[PDB]
Amino acid sequence: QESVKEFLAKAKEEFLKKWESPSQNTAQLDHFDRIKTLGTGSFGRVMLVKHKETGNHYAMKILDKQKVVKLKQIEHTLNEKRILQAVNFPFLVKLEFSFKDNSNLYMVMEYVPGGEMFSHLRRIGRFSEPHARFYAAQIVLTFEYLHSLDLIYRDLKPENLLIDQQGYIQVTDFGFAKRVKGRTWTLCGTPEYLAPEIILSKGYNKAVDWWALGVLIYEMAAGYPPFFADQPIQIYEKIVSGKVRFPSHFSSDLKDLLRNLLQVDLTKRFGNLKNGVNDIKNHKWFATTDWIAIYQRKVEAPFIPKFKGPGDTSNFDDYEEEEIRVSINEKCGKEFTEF
Ligand SMILES: CN(CCc1ccccc1)C[C@@H]1OC[C@H](N)[C@H]1O
């Protein structure tokens, strides 16, 4: 299909040009006013900030250099910055600035005020199948783009999918994304979403993203994920077992798609066969989807989040507000030379 082939051909050209020549050091901390902490966790902190000269709002991610305990954490944060400054796609949050100082690394991204898909899912209870299909189509197109660049995403989960002013998805957190020619081996990802070959410490590939899409569609349509338990070891036992139970309200087409995405044998899993992403796009559950219309954002969304303005934080939750301290002396300079 030639218009698709040439689209992805140009996508890859434009990615490689930025990949081979990353930008660095494009602002500093005292160019911004701090407003509110939007989240804190294994990813560091994300704060709402306002640019003093333009008045524009941004989401600033702050990483503390000295909390590194493993060399793979350094590699992961360098992956994230280099990939984000090189990609361009309608459903990916855009990186606007990056920089570092004596104590921290900073990635300054567009601010999306509608909140996390996770909050809206837990408030509504479950999404109808048309609503879940609207969000799933956007992830299918995003993985078609990323995989064609030889990138694997490895952190799909509802907390990472923000809802924008038009009710469409923006994917955030490239902390585990990586450029991969064949296989890769790191143990990473949230337990509920891990594919069997990650749990079994095998060399793995882009098929782990299509497994995670199966978990995400099930969770959107049921209201809970297919494999859960109080201990990760119990979660892992269900994931590798080859057994999943579907609610009776699931359509027959939905069950059939999920059995093919949640296929424990990676050589039989949809997205990883000879026809690649088209086994998914041509499946009966997507028969009503206009793929070009979704890409061009011409489809009316299932709902628009309620918010008052580009600086409204009411769709995020409350965290203890802590200092952003920047030591008199530099820490960990060499290890982060490339940032
Ligand atoms: C990339 N790492 C941070 C590495 C690091 C950097 C500096 C210091 C300590 C550690 C975070 C993970 O990315 C995806 C996942 N949602 C999040 O846990």
# chains A, B, ... in the order shown; residues from 1 in each chain; ligands from 1
$ closest_atom_pairs --of "chain A" --to "ligand 1" --cutoff "6 Å" --atoms "only C-alpha atoms and all ligand atoms" --output "CSV"
residue,atom,partner,partner_atom_place_in_ligand_line,distance
A:42,CA,ligand 1,18 (O),4.2
A:43,CA,ligand 1,11 (C),4.1
A:63,CA,ligand 1,7 (C),5.5
A:64,CA,ligand 1,8 (C),5.6
A:65,CA,ligand 1,8 (C),5.1
A:67,CA,ligand 1,8 (C),4.6
A:68,CA,ligand 1,9 (C),4.0
A:73,CA,ligand 1,4 (C),4.1
A:74,CA,ligand 1,6 (C),5.7
A:76,CA,ligand 1,1 (C),4.8
A:77,CA,ligand 1,1 (C),4.8
A:173,CA,ligand 1,14 (C),6.0
A:175,CA,ligand 1,13 (O),3.2
A:176,CA,ligand 1,14 (C),4.8
$ write_last_selection --atoms "C-alpha atoms" --output "PDB file, in the first residue's frame"
ATOM      1  CA  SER A  42      10.150   5.947  40.059  1.00  0.00           C
ATOM      2  CA  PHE A  43      10.248   8.318  37.051  1.00  0.00           C
ATOM      3  CA  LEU A  63      15.484  13.540  37.623  1.00  0.00           C
ATOM      4  CA  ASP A  64      17.950  13.564  40.586  1.00  0.00           C
ATOM      5  CA  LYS A  65      21.360  12.440  39.187  1.00  0.00           C
ATOM      6  CA  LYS A  67      19.733   8.596  42.919  1.00  0.00           C
ATOM      7  CA  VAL A  68      21.400   6.333  40.302  1.00  0.00           C
ATOM      8  CA  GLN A  73      19.303   3.467  34.755  1.00  0.00           C
ATOM      9  CA  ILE A  74      21.745   5.914  33.144  1.00  0.00           C
ATOM     10  CA  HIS A  76      17.555   4.338  30.134  1.00  0.00           C
ATOM     11  CA  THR A  77      17.451   8.068  30.846  1.00  0.00           C
ATOM     12  CA  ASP A 173       7.115   8.512  29.663  1.00  0.00           C
ATOM     13  CA  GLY A 175      11.820   5.912  30.258  1.00  0.00           C
ATOM     14  CA  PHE A 176      11.961   2.297  28.940  1.00  0.00           C
TER      15      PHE A 176
END
$ residues_around --residues "residue 172 of chain A" --least-positions-apart "2" --cutoff "7 Å" --atoms "only C-alpha atoms" --output "MDAnalysis selection string"
chainID A and resid 92:93 160:161 170 174
$ write_last_selection --atoms "C-alpha atoms" --output "PDB file, in the first residue's frame"
ATOM      1  CA  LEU A  92       3.096  11.382  21.357  1.00  0.00           C
ATOM      2  CA  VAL A  93       3.738  14.207  23.910  1.00  0.00           C
ATOM      3  CA  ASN A 160       0.972   6.797  30.728  1.00  0.00           C
ATOM      4  CA  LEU A 161      -1.844   7.786  28.317  1.00  0.00           C
ATOM      5  CA  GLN A 170      -0.868  11.654  24.078  1.00  0.00           C
ATOM      6  CA  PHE A 174       9.755   7.102  27.285  1.00  0.00           C
TER       7      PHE A 174
END
$ select_by_dssp --residues "segment 61-138 of chain A" --states "alpha helix (DSSP H)" --output "ChimeraX atom specification"
/A:71-84,117-124,129-138
$ residues_around --residues "residue 193 of chain A" --least-positions-apart "6" --cutoff "10 Å" --atoms "only C-alpha atoms" --output "VMD selection string"
chain A and resid 154 to 157 208 to 209 211 to 216 225 to 228 235 to 236 239
$ residues_around --residues "residue 290 of chain A" --least-positions-apart "3" --cutoff "12 Å" --atoms "only C-alpha atoms" --output "tab-separated table (two decimals) with N, CA and C atoms, in the first residue's frame"
chain	number	residue	atom	x	y	z
A	133	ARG	N	-12.19	1.07	21.58
A	133	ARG	CA	-11.67	0.94	20.21
A	133	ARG	C	-11.09	2.25	19.69
A	134	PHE	N	-11.71	3.39	20.03
A	134	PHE	CA	-11.16	4.69	19.62
A	134	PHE	C	-9.73	4.90	20.19
A	137	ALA	N	-7.18	2.16	18.62
A	137	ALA	CA	-6.71	2.49	17.26
A	137	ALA	C	-5.53	3.48	17.30
A	138	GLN	N	-5.58	4.46	18.20
A	138	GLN	CA	-4.49	5.43	18.33
A	138	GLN	C	-3.19	4.76	18.80
A	141	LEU	N	-1.68	2.73	15.68
A	141	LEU	CA	-0.96	3.62	14.77
A	141	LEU	C	0.38	4.09	15.37
A	281	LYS	N	-5.04	-4.33	12.10
A	281	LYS	CA	-5.89	-3.34	11.46
A	281	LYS	C	-7.06	-3.97	10.68
A	282	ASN	N	-6.87	-5.18	10.12
A	282	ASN	CA	-7.89	-5.88	9.33
A	282	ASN	C	-8.75	-6.83	10.14
A	286	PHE	N	-12.03	-4.20	14.46
A	286	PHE	CA	-11.77	-2.84	13.98
A	286	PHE	C	-12.52	-2.52	12.67
A	287	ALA	N	-13.55	-3.31	12.31
A	287	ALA	CA	-14.12	-3.13	10.97
A	287	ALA	C	-14.71	-1.73	10.78
A	293	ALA	N	-8.85	8.74	9.09
A	293	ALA	CA	-9.60	9.74	9.87
A	293	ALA	C	-9.09	9.88	11.30
A	294	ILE	N	-8.79	8.75	11.96
A	294	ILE	CA	-8.21	8.81	13.32
A	294	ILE	C	-6.87	9.54	13.27
A	295	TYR	N	-6.00	9.13	12.34
A	295	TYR	CA	-4.69	9.77	12.21
A	295	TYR	C	-4.85	11.28	11.99
A	296	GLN	N	-5.79	11.70	11.14
A	296	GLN	CA	-5.95	13.13	10.91
A	296	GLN	C	-6.78	13.84	11.98
A	297	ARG	N	-7.17	13.13	13.04
A	297	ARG	CA	-7.95	13.66	14.16
A	297	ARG	C	-9.28	14.27	13.68
A	298	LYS	N	-9.95	13.59	12.75
A	298	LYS	CA	-11.24	14.06	12.25
A	298	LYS	C	-12.43	13.35	12.89
A	299	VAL	N	-12.20	12.35	13.75
A	299	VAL	CA	-13.27	11.62	14.41
A	299	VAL	C	-13.65	12.31	15.72
A	300	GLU	N	-14.94	12.42	16.00
A	300	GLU	CA	-15.37	13.01	17.27
A	300	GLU	C	-15.08	12.05	18.42
$ residues_around --residues "residue 218 of chain A" --least-positions-apart "3" --cutoff "12 Å" --atoms "only C-alpha atoms" --output "MDAnalysis selection string"
chainID A and resid 126:129 132:133 136 157:158 192:193 211:215 221:227 244:247 249:251 254:259 261:262
$ select_by_dssp --residues "segment 70-195 of chain A" --states "strand (DSSP E or B)" --output "PyMOL selection string"
chain A and resi 92+95-100+104-110+116+151-152+161-163+169-171+178-179+184
$ residues_around --residues "residue 277 of chain A" --least-positions-apart "6" --cutoff "12 Å" --atoms "only C-alpha atoms" --output "list in words"
residues 137, 139, 140, 141, 142, 143, 144, 145, 146, 147, 148, 206, 207, 209, 210, 261, 269, 270, 271 and 283 of chain A
$ write_last_selection --atoms "N, CA and C atoms" --output "tab-separated table (two decimals), in the first residue's frame"
chain	number	residue	atom	x	y	z
A	137	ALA	N	-7.18	2.16	18.62
A	137	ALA	CA	-6.71	2.49	17.26
A	137	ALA	C	-5.53	3.48	17.30
A	139	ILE	N	-3.29	3.74	19.68
A	139	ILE	CA	-2.07	3.01	20.08
A	139	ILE	C	-1.56	2.12	18.94
A	140	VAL	N	-2.46	1.54	18.14
A	140	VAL	CA	-2.00	0.70	17.02
A	140	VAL	C	-1.19	1.53	16.02
A	141	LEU	N	-1.68	2.73	15.68
A	141	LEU	CA	-0.96	3.62	14.77
A	141	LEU	C	0.38	4.09	15.37
A	142	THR	N	0.39	4.36	16.67
A	142	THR	CA	1.62	4.82	17.34
A	142	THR	C	2.67	3.72	17.35
A	143	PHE	N	2.27	2.47	17.63
A	143	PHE	CA	3.25	1.37	17.56
A	143	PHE	C	3.68	1.08	16.11
A	144	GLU	N	2.78	1.20	15.13
A	144	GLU	CA	3.21	1.02	13.73
A	144	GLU	C	4.35	2.01	13.38
A	145	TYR	N	4.19	3.27	13.80
A	145	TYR	CA	5.22	4.31	13.65
A	145	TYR	C	6.52	3.96	14.41
A	146	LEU	N	6.43	3.73	15.72
A	146	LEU	CA	7.62	3.45	16.54
A	146	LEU	C	8.37	2.21	16.05
A	147	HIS	N	7.63	1.11	15.81
A	147	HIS	CA	8.30	-0.14	15.37
A	147	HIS	C	8.99	0.03	14.01
A	148	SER	N	8.43	0.84	13.11
A	148	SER	CA	9.08	1.07	11.82
A	148	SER	C	10.41	1.83	11.94
A	206	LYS	N	9.75	-6.53	19.59
A	206	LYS	CA	8.55	-5.67	19.58
A	206	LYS	C	7.25	-6.42	19.89
A	207	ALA	N	7.24	-7.75	19.81
A	207	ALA	CA	6.04	-8.49	20.20
A	207	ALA	C	5.60	-8.19	21.64
A	209	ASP	N	5.29	-5.29	23.00
A	209	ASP	CA	4.33	-4.17	22.96
A	209	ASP	C	2.92	-4.63	22.53
A	210	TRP	N	2.82	-5.56	21.57
A	210	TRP	CA	1.50	-6.05	21.17
A	210	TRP	C	0.84	-6.89	22.28
A	261	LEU	N	-3.78	-11.44	20.59
A	261	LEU	CA	-2.77	-10.54	21.22
A	261	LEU	C	-2.16	-11.15	22.48
A	269	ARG	N	1.89	-14.59	17.83
A	269	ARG	CA	1.14	-13.44	18.38
A	269	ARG	C	0.87	-12.39	17.29
A	270	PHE	N	-0.38	-11.90	17.19
A	270	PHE	CA	-0.69	-10.83	16.26
A	270	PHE	C	0.22	-9.63	16.47
A	271	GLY	N	0.61	-9.02	15.34
A	271	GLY	CA	1.63	-7.99	15.31
A	271	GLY	C	3.03	-8.51	15.03
A	283	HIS	N	-8.54	-6.93	11.45
A	283	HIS	CA	-9.37	-7.79	12.27
A	283	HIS	C	-10.80	-7.27	12.34
$ closest_residue --among "A:135, A:319, A:291, A:19" --to "residue 88 of chain A" --atoms "only C-alpha atoms"
A:19
$ residues_around --residues "residue 323 of chain A" --least-positions-apart "4" --cutoff "12 Å" --atoms "only C-alpha atoms" --output "MDAnalysis selection string"
chainID A and resid 34 36:37 45 47 62
$ atom_distance --atom1 "atom CA of residue 337 of chain A" --atom2 "atom CA of residue 106 of chain A"
13.9 Å
$ closest_residue --among "A:307, A:168, A:204, A:97" --to "residue 183 of chain A" --atoms "only C-alpha atoms"
A:204
$ atom_distance --atom1 "atom CA of residue 104 of chain A" --atom2 "atom CA of residue 117 of chain A"
28.5 Å
$ atom_distance --atom1 "atom CA of residue 38 of chain A" --atom2 "atom CA of residue 59 of chain A"
8.3 Å
$ closest_residue --among "A:2, A:53, A:164, A:335" --to "residue 304 of chain A" --atoms "only C-alpha atoms"
A:164
